[PDB]
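Raw contents of start26.pdb, PDB, C-alpha atoms:
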MODEL        1
ATOM      1  CA  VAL Z   4     -26.295  19.428  18.415  1.00  0.00           C
ATOM      2  CA  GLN Z   5     -24.452  21.108  15.389  1.00  0.00           C
ATOM      3  CA  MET Z   6     -22.941  18.252  13.383  1.00  0.00           C
ATOM      4  CA  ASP Z   7     -25.460  15.714  11.941  1.00  0.00           C
ATOM      5  CA  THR Z   8     -24.111  12.455  13.408  1.00  0.00           C
ATOM      6  CA  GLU Z   9     -26.008  10.091  11.110  1.00  0.00           C
ATOM      7  CA  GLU Z  10     -24.653  11.872   7.999  1.00  0.00           C
ATOM      8  CA  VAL Z  11     -21.170  11.895   9.499  1.00  0.00           C
ATOM      9  CA  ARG Z  12     -21.366   8.203  10.486  1.00  0.00           C
ATOM     10  CA  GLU Z  13     -22.282   7.360   6.914  1.00  0.00           C
ATOM     11  CA  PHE Z  14     -19.386   9.350   5.492  1.00  0.00           C
ATOM     12  CA  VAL Z  15     -16.945   7.750   7.984  1.00  0.00           C
ATOM     13  CA  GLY Z  16     -18.082   4.313   6.929  1.00  0.00           C
ATOM     14  CA  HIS Z  17     -17.552   5.263   3.346  1.00  0.00           C
ATOM     15  CA  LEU Z  18     -14.096   6.774   4.019  1.00  0.00           C
ATOM     16  CA  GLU Z  19     -13.170   3.482   5.774  1.00  0.00           C
ATOM     17  CA  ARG Z  20     -14.324   1.266   2.896  1.00  0.00           C
ATOM     18  CA  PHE Z  21     -12.625   3.547   0.402  1.00  0.00           C
ATOM     19  CA  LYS Z  22      -9.279   3.559   2.105  1.00  0.00           C
ATOM     20  CA  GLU Z  23      -9.284  -0.247   2.651  1.00  0.00           C
ATOM     21  CA  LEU Z  24     -10.293  -0.765  -1.017  1.00  0.00           C
ATOM     22  CA  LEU Z  25      -7.622   1.392  -2.440  1.00  0.00           C
ATOM     23  CA  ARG Z  26      -4.877  -0.117  -0.400  1.00  0.00           C
ATOM     24  CA  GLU Z  27      -5.882  -3.554  -1.428  1.00  0.00           C
ATOM     25  CA  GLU Z  28      -6.228  -2.520  -5.065  1.00  0.00           C
ATOM     26  CA  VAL Z  29      -2.889  -0.794  -5.270  1.00  0.00           C
ATOM     27  CA  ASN Z  30      -1.130  -3.699  -3.532  1.00  0.00           C
ATOM     28  CA  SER Z  31      -2.779  -5.990  -6.078  1.00  0.00           C
ATOM     29  CA  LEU Z  32      -1.717  -3.848  -9.005  1.00  0.00           C
ATOM     30  CA  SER Z  33       1.847  -3.508  -7.643  1.00  0.00           C
ATOM     31  CA  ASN Z  34       2.309  -7.200  -6.920  1.00  0.00           C
ATOM     32  CA  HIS Z  35       1.153  -7.948 -10.481  1.00  0.00           C
ATOM     33  CA  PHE Z  36       3.519  -5.362 -11.974  1.00  0.00           C
ATOM     34  CA  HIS Z  37       6.579  -6.504 -10.028  1.00  0.00           C
ATOM     35  CA  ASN Z  38       5.821  -9.998 -11.015  1.00  0.00           C
ATOM     36  CA  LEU Z  39       6.066  -9.404 -14.766  1.00  0.00           C
ATOM     37  CA  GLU Z  40       9.195 -11.314 -15.679  1.00  0.00           C
ATOM     38  CA  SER Z  41       9.513 -10.151 -19.372  1.00  0.00           C
ATOM     39  CA  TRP Z  42       9.030  -6.334 -19.352  1.00  0.00           C
ATOM     40  CA  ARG Z  43      12.310  -4.857 -18.127  1.00  0.00           C
ATOM     41  CA  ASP Z  44      13.430  -1.837 -20.162  1.00  0.00           C
ATOM     42  CA  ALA Z  45      13.807   1.719 -18.925  1.00  0.00           C
ATOM     43  CA  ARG Z  46      10.021   2.152 -19.546  1.00  0.00           C
ATOM     44  CA  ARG Z  47       9.156  -0.508 -16.917  1.00  0.00           C
ATOM     45  CA  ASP Z  48      11.562   1.446 -14.713  1.00  0.00           C
ATOM     46  CA  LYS Z  49       9.799   4.729 -15.458  1.00  0.00           C
ATOM     47  CA  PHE Z  50       6.437   3.134 -14.480  1.00  0.00           C
ATOM     48  CA  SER Z  51       7.822   1.352 -11.419  1.00  0.00           C
ATOM     49  CA  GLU Z  52       8.405   4.796 -10.128  1.00  0.00           C
ATOM     50  CA  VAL Z  53       5.130   6.289 -11.226  1.00  0.00           C
ATOM     51  CA  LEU Z  54       3.510   3.398  -9.306  1.00  0.00           C
ATOM     52  CA  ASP Z  55       5.735   4.182  -6.343  1.00  0.00           C
ATOM     53  CA  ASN Z  56       4.633   7.824  -6.217  1.00  0.00           C
ATOM     54  CA  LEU Z  57       1.062   6.620  -6.357  1.00  0.00           C
ATOM     55  CA  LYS Z  58       1.662   4.242  -3.486  1.00  0.00           C
ATOM     56  CA  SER Z  59       3.221   7.039  -1.441  1.00  0.00           C
ATOM     57  CA  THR Z  60       0.332   9.366  -2.101  1.00  0.00           C
ATOM     58  CA  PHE Z  61      -2.200   6.762  -1.059  1.00  0.00           C
ATOM     59  CA  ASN Z  62      -0.474   6.018   2.207  1.00  0.00           C
ATOM     60  CA  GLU Z  63      -0.306   9.734   2.991  1.00  0.00           C
ATOM     61  CA  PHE Z  64      -3.976   9.940   2.179  1.00  0.00           C
ATOM     62  CA  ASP Z  65      -4.485   6.905   4.379  1.00  0.00           C
ATOM     63  CA  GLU Z  66      -2.729   8.564   7.330  1.00  0.00           C
ATOM     64  CA  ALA Z  67      -4.660  11.840   6.864  1.00  0.00           C
ATOM     65  CA  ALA Z  68      -7.961   9.909   6.503  1.00  0.00           C
ATOM     66  CA  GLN Z  69      -7.325   7.881   9.733  1.00  0.00           C
ATOM     67  CA  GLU Z  70      -6.776  11.073  11.752  1.00  0.00           C
ATOM     68  CA  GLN Z  71      -9.877  12.735  10.372  1.00  0.00           C
ATOM     69  CA  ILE Z  72     -11.899   9.576  11.109  1.00  0.00           C
ATOM     70  CA  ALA Z  73     -10.663   9.729  14.709  1.00  0.00           C
ATOM     71  CA  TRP Z  74     -11.657  13.385  15.100  1.00  0.00           C
ATOM     72  CA  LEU Z  75     -15.079  12.881  13.627  1.00  0.00           C
ATOM     73  CA  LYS Z  76     -15.713   9.786  15.874  1.00  0.00           C
ATOM     74  CA  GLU Z  77     -14.751  11.863  18.837  1.00  0.00           C
ATOM     75  CA  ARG Z  78     -17.042  14.722  17.740  1.00  0.00           C
ATOM     76  CA  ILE Z  79     -19.860  12.156  17.426  1.00  0.00           C
ATOM     77  CA  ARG Z  80     -19.389  12.631  21.040  1.00  0.00           C
TER      78      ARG Z  80
ENDMDL
END
Re-express the file's structure as structure tokens.
Amino acid sequence: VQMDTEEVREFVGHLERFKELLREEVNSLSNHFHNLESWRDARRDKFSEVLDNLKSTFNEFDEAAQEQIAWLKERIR
């Protein structure tokens, strides 16, 4: 066999935990932020967006990670 399936299984598991953790952590952070009633200048607005470009980047990572996980699981046979 070429690939080492045990090594690959372990990485897949880790990729899975990492991508579930980050989505839950960024939702958490975002729900907290948008729930601040008293910070509402143009700075809050500048961060709202910085948070949004983080959220977009994670979900693109998420999508790319899911497709790699699929390929690797297939390779495993």
Nearest residue to residue 63 in chain Z out of Z:26, Z:49, Z:44, Z:32, using only C-alpha atoms?
Z:26
Pick out the closest residue to residue 29 in chain Z from this set: Z:75, Z:6, Z:68, Z:54. Count only C-alpha atoms.
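Closest candidate: Z:54.
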To one decimal place in Å, what is the distance between CA of residue 22 in chain Z and CA of residue 57 in chain Z?
13.7 Å
List the spatial neighbours of residue 74 in chain Z as a PyMOL selection string - criterion: any atom at most 12 Å away, all atoms listed in the file, same-chain residues fewer than 6 positions off excluded.
chain Z and resi 11-12+15+67-68+80
One residue among Z:40, Z:13, Z:27, Z:48 is nearest to residue 61 in chain Z when using only C-alpha atoms, and that residue is Z:27
Please, what distance in Å, to one decimal, runs between CA of residue 47 in chain Z and CA of residue 24 in chain Z?
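Between CA of residue 47 in chain Z and CA of residue 24 in chain Z the gap is 25.1 Å.
Put simply, CA of residue 70 in chain Z is 18.3 Å away from CA of residue 10 in chain Z.
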